[PDB]
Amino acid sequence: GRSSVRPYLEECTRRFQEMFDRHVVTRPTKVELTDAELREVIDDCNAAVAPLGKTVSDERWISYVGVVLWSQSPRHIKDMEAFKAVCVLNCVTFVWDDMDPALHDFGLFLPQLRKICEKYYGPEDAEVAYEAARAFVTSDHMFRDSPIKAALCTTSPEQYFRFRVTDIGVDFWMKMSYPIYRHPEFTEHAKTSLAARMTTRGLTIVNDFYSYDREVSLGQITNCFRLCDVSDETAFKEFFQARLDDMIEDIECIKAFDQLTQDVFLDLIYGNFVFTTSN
């Protein structure tokens, strides 16, 4: 009953798209990697997870990298080495998040993350990106089975989204993506985490809706829709409307930011939705 949002899948997808068309208007665009770039990305991905003895096929990597291809802001890219680092860091932390946690060898993995950062970023940016990656995968480790997670995720939407600012990876995302754009204001918003805080709900609500069935079947509690009775059409749709209102207020405030910054923020939110709803 509460095991599935399947009855709402089409309507909610329509409503998400309708909101974006009214409030963001500009559609997201795909980044094309040359086959050299893509093999380079994938090679780095393989080298970084090999110490954990894990093999991962090219097409699995390409499914992982799709979110980065779709959710950056191609208008504004200025550094494609930073872009590739984000492709790599995203994919390997994807692979890390999808392993038995008693296969997690930090001594083996963290230095691979540092090597990626040092390859693609300047000296200062390498440290910023690496600390963000370190802090993300460290958060993930220390909150498995944590009473803190249960408290933040079951108490209120406000407590849950506060947890997700880090846990969904959007602070990590912002802190390794600002070198792509070299835009002073965006760099500051990324480093204060305001960038992450402005985009967390737009990203998390979409992510949660389309992974609800999988996550609750796996016993996972990091999902906002577990806060309403999904089996109750009236309660579900009041909750979903509240989440839509959350996304709209965020997007309306995001438009107070400078133009380039707001472009990146909205391409992220809307691009993630497009990527999420594709094959």
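Residue positions are given as counts along the sequence shown, with the first one as 1.
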Q | 147-155 versus 194-202 - greater average Cα B-factor per the deposited record | A | 147-155
Q: Look up the CA B-factors in the entry and say which stretch, 44-52 or 233-241, has the higher mean.
A: 44-52
(Q) In terms of recorded Cα temperature factor, pick the maximum from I248, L33, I254, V68. (A) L33
Q: Compare the C-alpha B factor of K78 with those of the other modelled residues in its chain, then answer lowest, middle or highest third.
A: highest
Q. Thinking about Cα B factors across the chain, which third does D97 belong to?
A. highest
Q. Split the chain's modelled residues into thirds by Cα B-factor; is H104 in the lowest, middle or highest one?
A. highest
Q: Determine, from the deposited record, the chain-internal third of the Cα B-factor for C12: lowest, middle or highest.
A: middle
**Q.** For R226, the third of its chain into which the C-alpha B factor falls
**A.** lowest
